[PDB]
$ cat query.cif   # mmCIF, N, CA and C atoms
data_model
#
loop_
_atom_site.label_atom_id
_atom_site.label_comp_id
_atom_site.auth_asym_id
_atom_site.auth_seq_id
_atom_site.Cartn_x
_atom_site.Cartn_y
_atom_site.Cartn_z
N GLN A 4 0.83 -1.20 0.00
CA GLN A 4 0.00 0.00 0.00
C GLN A 4 0.86 1.25 0.00
N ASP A 5 0.45 2.26 -0.78
CA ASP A 5 1.22 3.49 -0.87
C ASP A 5 1.34 4.16 0.49
N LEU A 6 0.23 4.25 1.23
CA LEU A 6 0.30 4.78 2.58
C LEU A 6 1.13 3.90 3.51
N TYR A 7 1.24 2.61 3.21
CA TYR A 7 2.11 1.71 3.95
C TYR A 7 3.54 1.80 3.45
N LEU A 8 3.73 1.77 2.13
CA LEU A 8 5.07 1.86 1.57
C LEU A 8 5.71 3.21 1.87
N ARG A 9 4.96 4.30 1.70
CA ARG A 9 5.52 5.62 1.98
C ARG A 9 5.85 5.76 3.46
N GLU A 10 4.98 5.26 4.33
CA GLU A 10 5.27 5.26 5.75
C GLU A 10 6.52 4.46 6.06
N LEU A 11 6.66 3.29 5.43
CA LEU A 11 7.85 2.48 5.63
C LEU A 11 9.10 3.22 5.18
N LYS A 12 9.02 3.89 4.03
CA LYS A 12 10.18 4.63 3.54
C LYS A 12 10.56 5.75 4.49
N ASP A 13 9.59 6.59 4.85
CA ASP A 13 9.88 7.75 5.69
C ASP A 13 10.23 7.32 7.11
N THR A 14 9.85 6.10 7.49
CA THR A 14 10.14 5.59 8.82
C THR A 14 11.31 4.62 8.84
N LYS A 15 11.91 4.36 7.69
CA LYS A 15 13.10 3.52 7.59
C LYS A 15 14.35 4.30 7.23
N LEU A 16 14.31 5.07 6.14
CA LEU A 16 15.47 5.90 5.81
C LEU A 16 15.72 6.93 6.90
N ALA A 17 14.67 7.57 7.41
CA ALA A 17 14.82 8.36 8.63
C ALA A 17 15.25 7.49 9.80
N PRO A 18 14.68 6.30 10.00
CA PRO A 18 15.27 5.40 11.00
C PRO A 18 16.71 5.08 10.69
N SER A 19 17.08 5.04 9.41
CA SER A 19 18.49 4.91 9.08
C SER A 19 19.28 6.10 9.62
N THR A 20 18.75 7.31 9.45
CA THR A 20 19.45 8.50 9.95
C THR A 20 19.58 8.47 11.46
N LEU A 21 18.52 8.05 12.16
CA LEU A 21 18.57 7.99 13.61
C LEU A 21 19.55 6.93 14.09
N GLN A 22 19.44 5.71 13.57
CA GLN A 22 20.23 4.59 14.07
C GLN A 22 21.11 3.96 13.01
N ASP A 23 20.55 3.55 11.86
CA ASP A 23 21.31 2.77 10.90
C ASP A 23 22.36 3.58 10.15
N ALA A 24 22.33 4.90 10.25
CA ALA A 24 23.40 5.75 9.76
C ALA A 24 23.85 6.67 10.89
N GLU A 25 25.16 6.91 10.96
CA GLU A 25 25.70 7.76 12.01
C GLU A 25 25.54 9.23 11.64
N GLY A 26 24.35 9.59 11.17
CA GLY A 26 24.01 10.96 10.87
C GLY A 26 23.27 11.67 11.98
N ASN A 27 23.13 11.03 13.14
CA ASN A 27 22.47 11.60 14.32
C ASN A 27 21.06 12.01 13.90
N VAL A 28 20.64 13.25 14.13
CA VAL A 28 19.36 13.75 13.66
C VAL A 28 19.48 15.26 13.47
N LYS A 29 19.05 15.76 12.32
CA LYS A 29 19.10 17.19 12.07
C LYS A 29 18.00 17.90 12.86
N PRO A 30 16.81 17.29 12.96
CA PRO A 30 15.73 17.93 13.73
C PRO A 30 16.04 18.11 15.21
N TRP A 31 16.81 17.20 15.80
CA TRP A 31 17.15 17.24 17.22
C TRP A 31 18.61 17.65 17.37
N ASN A 32 18.85 18.70 18.15
CA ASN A 32 20.18 19.31 18.19
C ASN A 32 21.25 18.37 18.74
N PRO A 33 21.08 17.75 19.90
CA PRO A 33 22.17 16.96 20.49
C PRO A 33 22.14 15.52 19.99
N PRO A 34 23.22 15.05 19.35
CA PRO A 34 23.27 13.65 18.94
C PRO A 34 23.39 12.72 20.14
N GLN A 35 22.66 11.61 20.08
CA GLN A 35 22.71 10.61 21.13
C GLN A 35 24.02 9.83 21.15
N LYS A 36 24.69 9.74 20.00
CA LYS A 36 26.01 9.13 19.97
C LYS A 36 27.01 9.87 20.85
N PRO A 37 27.08 11.21 20.83
CA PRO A 37 27.94 11.92 21.78
C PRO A 37 27.37 12.02 23.19
N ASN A 38 26.17 11.46 23.42
CA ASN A 38 25.49 11.54 24.70
C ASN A 38 25.40 10.19 25.39
N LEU A 39 24.89 9.17 24.70
CA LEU A 39 24.64 7.87 25.30
C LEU A 39 25.84 6.94 25.23
N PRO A 40 26.50 6.84 24.07
CA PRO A 40 27.41 5.69 23.85
C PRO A 40 28.53 5.55 24.87
N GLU A 41 29.11 6.65 25.35
CA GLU A 41 30.21 6.57 26.29
C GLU A 41 29.85 7.12 27.66
N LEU A 42 29.36 8.36 27.74
CA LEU A 42 29.08 8.96 29.04
C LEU A 42 27.94 8.24 29.75
N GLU A 43 26.82 8.04 29.07
CA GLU A 43 25.73 7.28 29.65
C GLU A 43 26.07 5.80 29.78
N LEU A 44 27.08 5.33 29.05
CA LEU A 44 27.63 4.01 29.34
C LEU A 44 28.23 3.95 30.74
N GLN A 45 28.63 5.10 31.29
CA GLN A 45 28.97 5.20 32.70
C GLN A 45 27.74 5.39 33.58
N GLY A 46 26.58 5.67 32.98
CA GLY A 46 25.33 5.69 33.70
C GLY A 46 25.04 4.34 34.31
N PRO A 47 25.37 3.27 33.58
CA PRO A 47 25.28 1.93 34.19
C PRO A 47 26.11 1.81 35.45
N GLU A 48 27.31 2.39 35.45
CA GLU A 48 28.13 2.40 36.66
C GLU A 48 27.81 3.59 37.54
N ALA A 49 27.13 4.60 37.00
CA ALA A 49 26.61 5.66 37.85
C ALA A 49 25.55 5.12 38.80
N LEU A 50 24.69 4.23 38.31
CA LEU A 50 23.77 3.52 39.19
C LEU A 50 24.50 2.43 39.97
N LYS A 51 25.58 1.89 39.41
CA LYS A 51 26.38 0.87 40.07
C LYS A 51 27.46 1.54 40.92
N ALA A 52 28.42 0.75 41.40
CA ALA A 52 29.55 1.29 42.16
C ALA A 52 30.60 1.77 41.17
N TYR A 53 30.84 3.08 41.14
CA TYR A 53 31.67 3.68 40.09
C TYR A 53 33.14 3.32 40.27
N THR A 54 33.73 2.78 39.20
CA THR A 54 35.09 2.25 39.21
C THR A 54 35.29 1.21 40.31
N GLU A 55 34.20 0.71 40.86
CA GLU A 55 34.16 -0.22 41.98
C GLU A 55 33.26 -1.41 41.73
N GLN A 56 32.13 -1.21 41.04
CA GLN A 56 31.25 -2.31 40.69
C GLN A 56 31.85 -3.25 39.66
N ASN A 57 32.16 -2.75 38.47
CA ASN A 57 32.87 -3.58 37.50
C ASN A 57 34.22 -4.01 38.06
N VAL A 58 34.84 -3.15 38.87
CA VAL A 58 36.14 -3.47 39.45
C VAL A 58 36.05 -4.58 40.49
N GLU A 59 35.00 -4.59 41.31
CA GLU A 59 34.88 -5.52 42.43
C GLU A 59 36.11 -5.42 43.34
N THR A 60 36.13 -4.35 44.13
CA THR A 60 37.24 -3.99 45.02
C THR A 60 37.85 -5.20 45.72
N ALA A 61 39.17 -5.30 45.70
CA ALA A 61 39.87 -6.44 46.28
C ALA A 61 39.70 -6.42 47.80
N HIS A 62 39.11 -7.48 48.33
CA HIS A 62 38.89 -7.66 49.76
C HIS A 62 39.15 -9.13 50.08
N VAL A 63 40.42 -9.46 50.32
CA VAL A 63 40.80 -10.82 50.67
C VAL A 63 40.24 -11.16 52.04
N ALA A 64 39.67 -12.36 52.17
CA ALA A 64 39.19 -12.81 53.47
C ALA A 64 40.34 -12.90 54.47
N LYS A 65 40.09 -12.41 55.69
CA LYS A 65 41.11 -12.40 56.72
C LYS A 65 41.04 -13.65 57.58
N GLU A 66 41.91 -13.71 58.59
CA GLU A 66 41.94 -14.83 59.53
C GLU A 66 40.96 -14.61 60.68
N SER A 67 40.42 -15.69 61.22
CA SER A 67 39.61 -15.61 62.43
C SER A 67 40.50 -15.36 63.64
N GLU A 68 39.88 -15.08 64.78
CA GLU A 68 40.61 -14.72 65.99
C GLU A 68 40.79 -15.92 66.92
N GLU A 69 41.92 -15.93 67.61
CA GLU A 69 42.29 -17.04 68.48
C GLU A 69 43.06 -16.48 69.67
N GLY A 70 43.58 -17.37 70.51
CA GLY A 70 44.23 -16.99 71.75
C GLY A 70 45.70 -16.64 71.62
N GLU A 71 46.19 -16.42 70.40
CA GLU A 71 47.59 -16.06 70.16
C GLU A 71 48.54 -17.16 70.62
N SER A 72 48.01 -18.38 70.72
CA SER A 72 48.78 -19.54 71.17
C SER A 72 49.50 -19.24 72.48
N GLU A 73 48.70 -18.97 73.52
CA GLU A 73 49.20 -18.44 74.78
C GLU A 73 48.75 -19.33 75.93
N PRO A 74 49.44 -20.45 76.15
CA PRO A 74 49.15 -21.29 77.32
C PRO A 74 50.03 -21.00 78.53
N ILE A 75 51.00 -20.10 78.40
CA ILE A 75 51.81 -19.73 79.55
C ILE A 75 50.99 -18.91 80.54
N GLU A 76 50.15 -18.01 80.03
CA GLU A 76 49.37 -17.12 80.88
C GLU A 76 47.89 -17.42 80.89
N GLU A 77 47.29 -17.76 79.75
CA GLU A 77 45.85 -17.96 79.71
C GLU A 77 45.44 -19.29 80.34
N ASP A 78 46.30 -20.31 80.24
CA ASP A 78 45.91 -21.64 80.68
C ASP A 78 45.72 -21.71 82.19
N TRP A 79 46.68 -21.18 82.95
CA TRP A 79 46.58 -21.26 84.41
C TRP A 79 45.40 -20.44 84.94
N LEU A 80 45.22 -19.22 84.43
CA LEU A 80 44.09 -18.41 84.85
C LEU A 80 42.77 -19.06 84.46
N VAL A 81 42.73 -19.67 83.27
CA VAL A 81 41.52 -20.38 82.85
C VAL A 81 41.23 -21.53 83.79
N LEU A 82 42.27 -22.27 84.19
CA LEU A 82 42.08 -23.39 85.10
C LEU A 82 41.56 -22.92 86.45
N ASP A 83 42.15 -21.86 87.00
CA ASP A 83 41.68 -21.34 88.28
C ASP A 83 40.25 -20.85 88.17
N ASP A 84 39.92 -20.17 87.07
CA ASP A 84 38.56 -19.67 86.89
C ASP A 84 37.55 -20.80 86.79
N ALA A 85 37.89 -21.85 86.03
CA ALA A 85 36.96 -22.97 85.87
C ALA A 85 36.77 -23.70 87.19
N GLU A 86 37.84 -23.85 87.98
CA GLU A 86 37.69 -24.46 89.30
C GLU A 86 36.85 -23.60 90.23
N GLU A 87 37.02 -22.27 90.17
CA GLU A 87 36.19 -21.38 90.97
C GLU A 87 34.72 -21.51 90.57
N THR A 88 34.45 -21.61 89.27
CA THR A 88 33.09 -21.85 88.81
C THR A 88 32.58 -23.21 89.29
N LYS A 89 33.48 -24.18 89.44
CA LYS A 89 33.09 -25.50 89.91
C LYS A 89 32.72 -25.50 91.39
N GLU A 90 33.00 -24.41 92.10
CA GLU A 90 32.73 -24.37 93.54
C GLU A 90 31.24 -24.30 93.86
N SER A 91 30.39 -24.01 92.87
CA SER A 91 28.95 -23.95 93.06
C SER A 91 28.22 -25.00 92.23
N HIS A 92 28.95 -26.01 91.76
CA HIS A 92 28.38 -27.05 90.91
C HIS A 92 27.39 -27.92 91.69
N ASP B 105 25.84 -40.41 100.23
CA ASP B 105 25.73 -39.14 99.51
C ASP B 105 27.07 -38.75 98.90
N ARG B 106 28.18 -39.09 99.56
CA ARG B 106 29.48 -38.91 98.93
C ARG B 106 29.60 -39.76 97.68
N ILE B 107 29.13 -41.00 97.76
CA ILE B 107 29.09 -41.87 96.58
C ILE B 107 28.25 -41.24 95.49
N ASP B 108 27.13 -40.62 95.87
CA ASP B 108 26.26 -39.96 94.90
C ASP B 108 26.96 -38.78 94.25
N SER B 109 27.67 -37.98 95.05
CA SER B 109 28.47 -36.88 94.51
C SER B 109 29.50 -37.42 93.53
N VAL B 110 29.95 -38.65 93.75
CA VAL B 110 30.86 -39.28 92.79
C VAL B 110 30.09 -39.91 91.63
N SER B 111 28.77 -40.07 91.76
CA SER B 111 28.01 -40.82 90.76
C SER B 111 27.86 -40.05 89.45
N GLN B 112 27.73 -38.73 89.53
CA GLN B 112 27.56 -37.93 88.32
C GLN B 112 28.81 -37.96 87.45
N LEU B 113 29.99 -37.96 88.07
CA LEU B 113 31.24 -37.91 87.32
C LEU B 113 31.55 -39.20 86.59
N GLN B 114 30.76 -40.26 86.80
CA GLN B 114 31.06 -41.56 86.22
C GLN B 114 31.02 -41.51 84.70
N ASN B 115 29.86 -41.21 84.13
CA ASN B 115 29.69 -41.17 82.67
C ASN B 115 29.95 -39.78 82.10
N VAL B 116 30.77 -38.97 82.77
CA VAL B 116 31.13 -37.66 82.25
C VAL B 116 32.57 -37.61 81.74
N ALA B 117 33.48 -38.40 82.32
CA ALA B 117 34.84 -38.47 81.82
C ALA B 117 34.89 -39.12 80.45
N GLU B 118 33.81 -39.79 80.05
CA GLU B 118 33.77 -40.42 78.74
C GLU B 118 33.86 -39.39 77.62
N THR B 119 33.16 -38.27 77.76
CA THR B 119 33.07 -37.33 76.66
C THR B 119 33.34 -35.88 77.04
N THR B 120 33.86 -35.59 78.24
CA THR B 120 34.24 -34.20 78.52
C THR B 120 35.26 -33.68 77.51
N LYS B 121 36.37 -34.40 77.33
CA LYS B 121 37.38 -33.97 76.38
C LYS B 121 36.89 -34.13 74.94
N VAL B 122 36.03 -35.12 74.70
CA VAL B 122 35.46 -35.30 73.37
C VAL B 122 34.66 -34.07 72.97
N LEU B 123 33.86 -33.53 73.89
CA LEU B 123 33.15 -32.28 73.65
C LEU B 123 34.14 -31.12 73.53
N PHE B 124 35.18 -31.12 74.37
CA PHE B 124 36.18 -30.07 74.30
C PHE B 124 36.79 -29.98 72.90
N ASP B 125 36.93 -31.12 72.23
CA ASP B 125 37.50 -31.16 70.89
C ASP B 125 36.45 -30.91 69.81
N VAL B 126 35.25 -31.48 69.98
CA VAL B 126 34.19 -31.31 68.99
C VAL B 126 33.78 -29.85 68.89
N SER B 127 33.68 -29.15 70.02
CA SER B 127 33.32 -27.74 70.02
C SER B 127 34.50 -26.83 69.71
N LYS B 128 35.70 -27.39 69.56
CA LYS B 128 36.89 -26.61 69.24
C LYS B 128 37.27 -26.70 67.78
N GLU B 129 37.49 -27.91 67.26
CA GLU B 129 37.98 -28.07 65.89
C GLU B 129 36.91 -27.72 64.86
N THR B 130 35.67 -28.19 65.06
CA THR B 130 34.60 -27.83 64.15
C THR B 130 34.39 -26.32 64.10
N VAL B 131 34.53 -25.64 65.24
CA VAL B 131 34.48 -24.19 65.26
C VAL B 131 35.69 -23.60 64.55
N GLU B 132 36.84 -24.26 64.67
CA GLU B 132 38.04 -23.87 63.94
C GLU B 132 37.85 -23.98 62.43
N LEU B 133 36.92 -24.81 61.99
CA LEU B 133 36.63 -25.01 60.57
C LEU B 133 35.86 -23.84 59.93
N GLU B 134 35.72 -22.71 60.62
CA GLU B 134 34.89 -21.62 60.12
C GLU B 134 35.62 -20.69 59.16
N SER B 135 36.94 -20.81 59.05
CA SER B 135 37.68 -19.95 58.13
C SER B 135 37.29 -20.24 56.69
N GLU B 136 36.96 -21.50 56.39
CA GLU B 136 36.48 -21.85 55.06
C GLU B 136 35.19 -21.12 54.71
N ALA B 137 34.22 -21.10 55.63
CA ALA B 137 32.98 -20.38 55.39
C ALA B 137 33.22 -18.88 55.29
N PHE B 138 34.18 -18.37 56.07
CA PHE B 138 34.53 -16.95 55.98
C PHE B 138 35.06 -16.61 54.58
N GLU B 139 36.04 -17.37 54.10
CA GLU B 139 36.61 -17.08 52.79
C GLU B 139 35.60 -17.31 51.68
N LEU B 140 34.73 -18.31 51.83
CA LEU B 140 33.67 -18.54 50.86
C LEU B 140 32.65 -17.42 50.84
N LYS B 141 32.32 -16.86 52.00
CA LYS B 141 31.50 -15.67 52.03
C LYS B 141 32.19 -14.52 51.31
N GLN B 142 33.51 -14.41 51.48
CA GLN B 142 34.25 -13.37 50.76
C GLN B 142 34.10 -13.51 49.25
N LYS B 143 34.32 -14.72 48.72
CA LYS B 143 34.18 -14.93 47.29
C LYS B 143 32.74 -14.75 46.83
N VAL B 144 31.77 -15.18 47.63
CA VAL B 144 30.36 -15.03 47.26
C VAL B 144 29.99 -13.55 47.20
N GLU B 145 30.54 -12.75 48.12
CA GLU B 145 30.27 -11.32 48.10
C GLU B 145 30.92 -10.66 46.89
N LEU B 146 32.13 -11.11 46.52
CA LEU B 146 32.74 -10.62 45.29
C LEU B 146 31.90 -10.98 44.07
N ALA B 147 31.36 -12.21 44.04
CA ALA B 147 30.47 -12.61 42.96
C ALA B 147 29.20 -11.77 42.93
N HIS B 148 28.63 -11.48 44.10
CA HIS B 148 27.45 -10.62 44.16
C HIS B 148 27.77 -9.23 43.63
N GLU B 149 28.92 -8.67 44.01
CA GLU B 149 29.30 -7.34 43.56
C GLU B 149 29.46 -7.30 42.04
N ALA B 150 30.24 -8.23 41.49
CA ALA B 150 30.44 -8.25 40.05
C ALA B 150 29.14 -8.56 39.31
N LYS B 151 28.35 -9.50 39.83
CA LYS B 151 27.08 -9.82 39.18
C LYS B 151 26.16 -8.62 39.18
N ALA B 152 26.18 -7.83 40.25
CA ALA B 152 25.37 -6.61 40.31
C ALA B 152 25.87 -5.57 39.32
N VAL B 153 27.19 -5.49 39.14
CA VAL B 153 27.73 -4.60 38.11
C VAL B 153 27.22 -5.02 36.74
N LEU B 154 27.25 -6.33 36.48
CA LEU B 154 26.74 -6.85 35.22
C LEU B 154 25.25 -6.56 35.07
N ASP B 155 24.50 -6.69 36.16
CA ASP B 155 23.07 -6.42 36.13
C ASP B 155 22.80 -4.94 35.87
N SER B 156 23.65 -4.07 36.40
CA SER B 156 23.54 -2.64 36.12
C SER B 156 23.80 -2.36 34.64
#

$ encode --input "query.cif" --output "structure tokens"
Amino acid sequence: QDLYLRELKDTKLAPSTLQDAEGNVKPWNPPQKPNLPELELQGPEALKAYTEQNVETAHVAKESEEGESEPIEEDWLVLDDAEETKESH
Amino acid sequence: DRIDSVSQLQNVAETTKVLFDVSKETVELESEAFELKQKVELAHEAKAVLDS
């Protein structure tokens, strides 16, 4: 149909100008290529953790806590304390 | 009654040290879960970056 074919033409070659050709758009002043492709590509990381989300900051798992291998001082006091607690058993 | 005071300790020497070890080494096994949580959190962070 002419109304279909003409619509397809005006909506395809112009769609070519918008997307399929890097001619941006004459009717609209700011091209989306200088707006979306790189800066708004940081919009994904603007919503994400910037230079940190894609990066995934290095955080190595640490060691758990222990008694510093100290039986010279902790063992005797622990024994006395446990025996004192045993006085009401 | 002295015998009775001795009666409780009879079946306790069987597993006092066994519990001392079971509650010690298995608790010592928690560094694996810690490091695995670390990697899982890194996976969550990167996966969220990908989702963004």

$ closest_residue --input "query.cif" --among "B:121, B:147, B:127, B:111" --to "chain A" --atoms "all atoms listed in the file"
B:147

$ resolve_selection --input "query.cif" --expression "the PyMOL selection byres ((chain B) within 7 of (chain A))" --output "PDB file with N, CA and C atoms, in the coordinates of the input"
ATOM      1  N   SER B 135      36.940 -20.810  59.050  1.00  0.00           N
ATOM      2  CA  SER B 135      37.680 -19.950  58.130  1.00  0.00           C
ATOM      3  C   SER B 135      37.290 -20.240  56.690  1.00  0.00           C
ATOM      4  N   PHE B 138      34.180 -18.370  56.070  1.00  0.00           N
ATOM      5  CA  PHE B 138      34.530 -16.950  55.980  1.00  0.00           C
ATOM      6  C   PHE B 138      35.060 -16.610  54.580  1.00  0.00           C
ATOM      7  N   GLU B 139      36.040 -17.370  54.100  1.00  0.00           N
ATOM      8  CA  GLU B 139      36.610 -17.080  52.790  1.00  0.00           C
ATOM      9  C   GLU B 139      35.600 -17.310  51.680  1.00  0.00           C
ATOM     10  N   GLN B 142      33.510 -14.410  51.480  1.00  0.00           N
ATOM     11  CA  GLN B 142      34.250 -13.370  50.760  1.00  0.00           C
ATOM     12  C   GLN B 142      34.100 -13.510  49.250  1.00  0.00           C
ATOM     13  N   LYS B 143      34.320 -14.720  48.720  1.00  0.00           N
ATOM     14  CA  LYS B 143      34.180 -14.930  47.290  1.00  0.00           C
ATOM     15  C   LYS B 143      32.740 -14.750  46.830  1.00  0.00           C
ATOM     16  N   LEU B 146      32.130 -11.110  46.520  1.00  0.00           N
ATOM     17  CA  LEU B 146      32.740 -10.620  45.290  1.00  0.00           C
ATOM     18  C   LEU B 146      31.900 -10.980  44.070  1.00  0.00           C
ATOM     19  N   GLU B 149      28.920  -8.670  44.010  1.00  0.00           N
ATOM     20  CA  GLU B 149      29.300  -7.340  43.560  1.00  0.00           C
ATOM     21  C   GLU B 149      29.460  -7.300  42.040  1.00  0.00           C
ATOM     22  N   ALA B 150      30.240  -8.230  41.490  1.00  0.00           N
ATOM     23  CA  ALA B 150      30.440  -8.250  40.050  1.00  0.00           C
ATOM     24  C   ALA B 150      29.140  -8.560  39.310  1.00  0.00           C
ATOM     25  N   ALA B 152      26.180  -7.830  40.250  1.00  0.00           N
ATOM     26  CA  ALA B 152      25.370  -6.610  40.310  1.00  0.00           C
ATOM     27  C   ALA B 152      25.870  -5.570  39.320  1.00  0.00           C
ATOM     28  N   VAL B 153      27.190  -5.490  39.140  1.00  0.00           N
ATOM     29  CA  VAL B 153      27.730  -4.600  38.110  1.00  0.00           C
ATOM     30  C   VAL B 153      27.220  -5.020  36.740  1.00  0.00           C
ATOM     31  N   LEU B 154      27.250  -6.330  36.480  1.00  0.00           N
ATOM     32  CA  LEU B 154      26.740  -6.850  35.220  1.00  0.00           C
ATOM     33  C   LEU B 154      25.250  -6.560  35.070  1.00  0.00           C
ATOM     34  N   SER B 156      23.650  -4.070  36.400  1.00  0.00           N
ATOM     35  CA  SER B 156      23.540  -2.640  36.120  1.00  0.00           C
ATOM     36  C   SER B 156      23.800  -2.360  34.640  1.00  0.00           C
TER      37      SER B 156
END

$ atom_distance --input "query.cif" --atom1 "CA of residue 133 (chain B)" --atom2 "atom C of residue 83 (chain A)"
28.1 Å

$ atom_distance --input "query.cif" --atom1 "CA of residue 78 (chain A)" --atom2 "atom N of residue 92 (chain A)"
20.7 Å

$ atom_distance --input "query.cif" --atom1 "CA of residue 9 (chain A)" --atom2 "atom N of residue 33 (chain A)"
26.7 Å

$ select_by_dssp --input "query.cif" --residues "chain B" --states "alpha helix (DSSP H)" --output "ChimeraX atom specification"
/B:106-111,120-132,134-155

$ write_last_selection --input "query.cif" --atoms "N, CA and C atoms" --output "short mmCIF file (atom, residue, chain, number, x, y, z; two decimals), keeping the file's coordinate frame"
data_model
loop_
_atom_site.label_atom_id
_atom_site.label_comp_id
_atom_site.auth_asym_id
_atom_site.auth_seq_id
_atom_site.Cartn_x
_atom_site.Cartn_y
_atom_site.Cartn_z
N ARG B 106 28.18 -39.09 99.56
CA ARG B 106 29.48 -38.91 98.93
C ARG B 106 29.60 -39.76 97.68
N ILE B 107 29.13 -41.00 97.76
CA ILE B 107 29.09 -41.87 96.58
C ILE B 107 28.25 -41.24 95.49
N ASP B 108 27.13 -40.62 95.87
CA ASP B 108 26.26 -39.96 94.90
C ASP B 108 26.96 -38.78 94.25
N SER B 109 27.67 -37.98 95.05
CA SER B 109 28.47 -36.88 94.51
C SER B 109 29.50 -37.42 93.53
N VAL B 110 29.95 -38.65 93.75
CA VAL B 110 30.86 -39.28 92.79
C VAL B 110 30.09 -39.91 91.63
N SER B 111 28.77 -40.07 91.76
CA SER B 111 28.01 -40.82 90.76
C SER B 111 27.86 -40.05 89.45
N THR B 120 33.86 -35.59 78.24
CA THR B 120 34.24 -34.20 78.52
C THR B 120 35.26 -33.68 77.51
N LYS B 121 36.37 -34.40 77.33
CA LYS B 121 37.38 -33.97 76.38
C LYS B 121 36.89 -34.13 74.94
N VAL B 122 36.03 -35.12 74.70
CA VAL B 122 35.46 -35.30 73.37
C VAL B 122 34.66 -34.07 72.97
N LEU B 123 33.86 -33.53 73.89
CA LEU B 123 33.15 -32.28 73.65
C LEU B 123 34.14 -31.12 73.53
N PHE B 124 35.18 -31.12 74.37
CA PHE B 124 36.18 -30.07 74.30
C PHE B 124 36.79 -29.98 72.90
N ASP B 125 36.93 -31.12 72.23
CA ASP B 125 37.50 -31.16 70.89
C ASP B 125 36.45 -30.91 69.81
N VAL B 126 35.25 -31.48 69.98
CA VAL B 126 34.19 -31.31 68.99
C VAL B 126 33.78 -29.85 68.89
N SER B 127 33.68 -29.15 70.02
CA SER B 127 33.32 -27.74 70.02
C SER B 127 34.50 -26.83 69.71
N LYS B 128 35.70 -27.39 69.56
CA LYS B 128 36.89 -26.61 69.24
C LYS B 128 37.27 -26.70 67.78
N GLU B 129 37.49 -27.91 67.26
CA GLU B 129 37.98 -28.07 65.89
C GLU B 129 36.91 -27.72 64.86
N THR B 130 35.67 -28.19 65.06
CA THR B 130 34.60 -27.83 64.15
C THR B 130 34.39 -26.32 64.10
N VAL B 131 34.53 -25.64 65.24
CA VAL B 131 34.48 -24.19 65.26
C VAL B 131 35.69 -23.60 64.55
N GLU B 132 36.84 -24.26 64.67
CA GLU B 132 38.04 -23.87 63.94
C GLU B 132 37.85 -23.98 62.43
N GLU B 134 35.72 -22.71 60.62
CA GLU B 134 34.89 -21.62 60.12
C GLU B 134 35.62 -20.69 59.16
N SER B 135 36.94 -20.81 59.05
CA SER B 135 37.68 -19.95 58.13
C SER B 135 37.29 -20.24 56.69
N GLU B 136 36.96 -21.50 56.39
CA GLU B 136 36.48 -21.85 55.06
C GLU B 136 35.19 -21.12 54.71
N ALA B 137 34.22 -21.10 55.63
CA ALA B 137 32.98 -20.38 55.39
C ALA B 137 33.22 -18.88 55.29
N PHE B 138 34.18 -18.37 56.07
CA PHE B 138 34.53 -16.95 55.98
C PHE B 138 35.06 -16.61 54.58
N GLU B 139 36.04 -17.37 54.10
CA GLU B 139 36.61 -17.08 52.79
C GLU B 139 35.60 -17.31 51.68
N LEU B 140 34.73 -18.31 51.83
CA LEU B 140 33.67 -18.54 50.86
C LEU B 140 32.65 -17.42 50.84
N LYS B 141 32.32 -16.86 52.00
CA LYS B 141 31.50 -15.67 52.03
C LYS B 141 32.19 -14.52 51.31
N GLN B 142 33.51 -14.41 51.48
CA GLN B 142 34.25 -13.37 50.76
C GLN B 142 34.10 -13.51 49.25
N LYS B 143 34.32 -14.72 48.72
CA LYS B 143 34.18 -14.93 47.29
C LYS B 143 32.74 -14.75 46.83
N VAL B 144 31.77 -15.18 47.63
CA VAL B 144 30.36 -15.03 47.26
C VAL B 144 29.99 -13.55 47.20
N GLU B 145 30.54 -12.75 48.12
CA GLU B 145 30.27 -11.32 48.10
C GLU B 145 30.92 -10.66 46.89
N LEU B 146 32.13 -11.11 46.52
CA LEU B 146 32.74 -10.62 45.29
C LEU B 146 31.90 -10.98 44.07
N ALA B 147 31.36 -12.21 44.04
CA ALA B 147 30.47 -12.61 42.96
C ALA B 147 29.20 -11.77 42.93
N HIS B 148 28.63 -11.48 44.10
CA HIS B 148 27.45 -10.62 44.16
C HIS B 148 27.77 -9.23 43.63
N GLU B 149 28.92 -8.67 44.01
CA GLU B 149 29.30 -7.34 43.56
C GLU B 149 29.46 -7.30 42.04
N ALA B 150 30.24 -8.23 41.49
CA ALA B 150 30.44 -8.25 40.05
C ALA B 150 29.14 -8.56 39.31
N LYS B 151 28.35 -9.50 39.83
CA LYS B 151 27.08 -9.82 39.18
C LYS B 151 26.16 -8.62 39.18
N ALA B 152 26.18 -7.83 40.25
CA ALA B 152 25.37 -6.61 40.31
C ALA B 152 25.87 -5.57 39.32
N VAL B 153 27.19 -5.49 39.14
CA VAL B 153 27.73 -4.60 38.11
C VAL B 153 27.22 -5.02 36.74
N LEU B 154 27.25 -6.33 36.48
CA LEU B 154 26.74 -6.85 35.22
C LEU B 154 25.25 -6.56 35.07
N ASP B 155 24.50 -6.69 36.16
CA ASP B 155 23.07 -6.42 36.13
C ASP B 155 22.80 -4.94 35.87
#
